[PDB]
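**Q** fold the following and give me the result.
(chains A and B)
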Amino acid sequence: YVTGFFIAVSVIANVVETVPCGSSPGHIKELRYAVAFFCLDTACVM
Amino acid sequence: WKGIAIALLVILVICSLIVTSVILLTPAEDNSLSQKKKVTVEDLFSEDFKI
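**A** Residues are numbered from 1 along each chain as shown, chains lettered A, B, ... in the order given. The coordinates are given below.
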């Protein structure tokens, strides 16, 4: 069940990494485009 | 059959807190805008730079 939850959160990260609020610029001049997904992705991949 | 799920929840929240900690740890970003206007043509003849 824990690896199932890990798969689920990985897929959720995969789908959310394109919406223009968490991984695409929804702000042309303000400060989010966190690359932390990468880390999260790595956190999953390993 | 529920306490085992509780142990699963605690181990997963430990993992999630590890993920959040590394998320706040590894990318130590700093923008440091320092938004000051670039030197223009008239600045050399502005009274401020008049040595």
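**Q** what residues does chain B put near chain A?
**A** Taking Cβ under 8 Å from any Cβ of the partner chain as the test, the list of chain B residues beside chain A reads B:5, B:8, B:11, B:12, B:18, B:19, B:22, B:23, B:26, B:27, B:31. Any C-beta I mention is one placed from the backbone N, CA and C, and that applies to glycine too.
**Q** counting contacts, what elements does the longest helix seen in chain A pack onto?
**A** Looking across chain A with DSSP state H, the single longest helix is helix A:2-16. With contacts taken as 3 or more Cβ pairs under 8 Å, 6 or more residues apart in numbering or on different chains; DSSP states H and E, helix A:2-16 sits against helix A:36-45, helix B:3-25.
**Q** could you find the closest non-adjacent residue to residue A:18?
**A** Ranked by Cβ to Cβ, 6 or more residues apart in numbering or on different chains and with sequence neighbours excluded, the top spatial neighbour of residue A:18 is residue A:24, at 6.4 Å.
**Q** what's the burial count for residue B:12?
**A** Here the number of neighbours of residue B:12 (other Cβ atoms under 10 Å in any protein chain shown) works out to 15.
**Q** now do the contacts for it.
**A** Residues counted as contacts of residue B:12 (Cβ atoms under 8 Å, 6 or more residues apart in numbering or on different chains) are A:2, A:5.
**Q** and for residue A:23?
**A** When contacts are taken as Cβ under 8 Å, 6+ apart, residue A:23 is in contact with A:16, A:17, A:33, A:34, A:37.
**Q** what separates the second one from chain B, distance-wise?
**A** If I follow you right, that is residue A:17. Going from residue A:17 to chain B by Cβ to the nearest Cβ, to the nearest Å gives 14 Å.
**Q** my read: that residue touches residue A:36, true?
**A** No. Under the criterion of Cβ atoms under 8 Å, residue A:17 makes no contact with residue A:36, lying 10.5 Å away.
**Q** the two: which is more packed in?
**A** Counted by other Cβ under 10 Å, residue A:17 and residue A:36 do not tie: residue A:36 has more neighbours, with 20 against 14.
**Q** didn't that one look like it was pressed against residue B:23?
**A** Yes. Contact status for residue A:36 versus residue B:23: in contact at 4.4 Å, counting by Cβ under 8 Å.
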